[PDB]
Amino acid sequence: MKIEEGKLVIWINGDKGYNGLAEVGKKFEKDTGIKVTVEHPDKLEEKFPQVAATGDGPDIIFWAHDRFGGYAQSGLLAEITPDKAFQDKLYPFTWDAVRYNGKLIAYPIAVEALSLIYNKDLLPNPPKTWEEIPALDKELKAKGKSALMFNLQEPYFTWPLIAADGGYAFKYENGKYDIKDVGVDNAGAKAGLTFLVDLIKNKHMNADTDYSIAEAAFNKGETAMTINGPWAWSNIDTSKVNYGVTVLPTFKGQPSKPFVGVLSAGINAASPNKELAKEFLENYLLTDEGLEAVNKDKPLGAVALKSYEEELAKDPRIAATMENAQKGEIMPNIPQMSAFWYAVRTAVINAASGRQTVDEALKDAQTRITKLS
């Protein structure tokens, strides 16, 4: 549709609780008479710049914070200025994830970290270690099962392994990220992707498995483990798989370091409904009842709102999510992050498919990222 004064349009990814957010929309409309339309288009993070200037696109856009600094660089985001009373309702470190060049450019919603999810019936004692997965897959294959399936088409899911032995995106040193110091082809990064590719070479994993195939196999009881975030928990609840959430496997003794995202709601700088957007986000979404309605649809993870997080922290699944988050790092929000994801995605896909060696896939990824900053 088209952006119009008097009504809100919200974009959020299809794997999130858009039906729950729509319930918050209905509450807002009952209170204010302002209809709220929640859409989940494909490739919404790539479309938002090409539509904000034309007058399409949303009033409010949800995504992990890593993309927002590139949006702010093009002026697509409105500066958010909550007063001290509202800022204190969210954890300080989540505000930092949406601060770009001194200005807050979004509202933090929830904190996302990948975890090892496993079938308690197929696997009462899951492995603590990547190195013991092949032997486990061999034993499960003889019973008609597999050990591990997760999305190999998005580098997000492979990055905890790559970073375990020392891979990193942009080196952070004393205040800022060094955009010319990229760490995707260093020794640790190469050792991580190499281990992944040898799982595939030895038929302990399939290069073509994406999100749906990984989810379906685990939720049907065909694979013993998957790697996913909290949004996936709802579909597992429905499947009636006795599942647990636990610490990611280690590699060469070191923990996997997932890239941590803060799901954030930015306001289109050209929105005719700036105030309504802040009103909706501050007074309806970022409340105990609002986050509850979204979380019941698809779990958010560690919510940024402290009052609601103190209740969710008692859940062992959330405790495991936080533990994996403490071992990883929070993503940078700098504009160079889109070049980083694009290039690492090619490296992972080429290496897994055999189109390239692990070494030259990561060396090519390194060259592309460094040259473009």
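Residues carry their position along the shown sequence, with the first being 1.
Averaging C-alpha B-factors over each stretch, which comes out higher, 152-160 or 97-105? Higher mean C-alpha B-factor: 97-105.
Mean C-alpha B-factor comparison - 189-197 and 121-129, higher one: Mean CA B-factor is higher for 121-129.
Should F86 be placed in the lowest, middle or highest third of its chain by the C-alpha B factor in the entry? Highest third.
Using only modelled residues of the chain, where does the Cα B factor of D364 rank: lowest third, middle third or highest third? Within its chain, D364 is a lowest-third residue by C-alpha B-factor, going by the deposited values.
What third of its chain, lowest, middle or highest, does the C-alpha temperature factor of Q50 fall into? Its C-alpha B-factor, which the entry lists for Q50, ranks in the highest third among residues of this chain.
B-factor third for the C-alpha atom of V184 within its chain: For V184, whose C-alpha B-factor we compare with every modelled residue in the chain, the answer is the lowest third.
Could you place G14 in the lowest, middle or highest third of its chain by Cα temperature factor, using the values in the record? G14: CA B-factor falls in the middle third of its chain.
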